[PDB]
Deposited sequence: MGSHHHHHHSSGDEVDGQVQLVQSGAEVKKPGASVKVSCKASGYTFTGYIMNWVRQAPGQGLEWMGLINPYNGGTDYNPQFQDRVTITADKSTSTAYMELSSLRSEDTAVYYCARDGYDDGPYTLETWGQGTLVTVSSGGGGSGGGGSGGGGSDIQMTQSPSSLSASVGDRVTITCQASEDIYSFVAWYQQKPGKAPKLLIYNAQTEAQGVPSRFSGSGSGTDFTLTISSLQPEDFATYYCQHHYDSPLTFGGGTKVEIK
């Protein structure tokens, strides 16, 4: 016998996303379209979309084009419905349903039991740190060959858990230093870091052309990780 068994109730904050599952049994999963429909408390039915598990093709109600993803996994005979950018009006029971009549496509012949999704402030392994990093100067102009020193200050004692990154215009940041003074791999020896507690410095012993860039400090004590605002080293 055809059964559709959906995941349990969800409570999510406004702004969050939810992903409901729908586990199919008693038939060849890839042979039948799966639809998703919802019903807000005391209101009518609205169609959300369907998927064809045969090839992954989807078709969504335009009222949720930017928001709904429907997926299917052949190995677990399970269909899924994700709805992002949740708002209070998304509070509803969400149903998966199989389209099963050979002569009546786009009808909904077998239904799951439904999954209540409530969207409200009552919904929704963090380090609990609250460390602020500030850097100074915010920018400076210097010449090739100059020794330059940049500072970073933490709002609390973080021992030597400070890293420094260089970011060249257009590029991802590159790690130069961690544990306040260990050089990362492939970092020229003219870069050095020091400090412990709250006050850290990065020293560039002799500024080369490649070095004109923005430098960020970061604490690496525990999550949340935070960065300094950066120091832009510019050409005089």
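In this chain, the deposited residues that lack C-alpha positions fall in the ranges 1-17, 142-148.
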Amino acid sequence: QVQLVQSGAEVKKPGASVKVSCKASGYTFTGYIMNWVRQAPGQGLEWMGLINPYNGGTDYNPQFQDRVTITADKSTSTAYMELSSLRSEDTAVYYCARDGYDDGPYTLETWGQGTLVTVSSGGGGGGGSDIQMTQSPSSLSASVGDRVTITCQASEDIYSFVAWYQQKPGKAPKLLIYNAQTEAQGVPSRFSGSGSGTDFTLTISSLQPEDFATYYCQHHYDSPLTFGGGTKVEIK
From here on, numbers count along this sequence of modelled residues.
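Comparing 204-212 with 58-66, the higher mean C-alpha B-factor in the PDB entry belongs to 58-66. The entry lists a Cα temperature factor for residue 114 that places it in the lowest third of the chain's modelled residues. In the deposited entry, the Cα temperature factor of residue 2 places it in the highest third of its chain's modelled residues.
Looking at the C-alpha B-factors along this chain, the one for residue 76 belongs to the highest third. Ranked by C-alpha B-factor against the other modelled residues of its chain, residue 38 falls in the lowest third. Ranked against the other modelled residues of its chain, the C-alpha B-factor of residue 172 as given in the entry falls in the lowest third.
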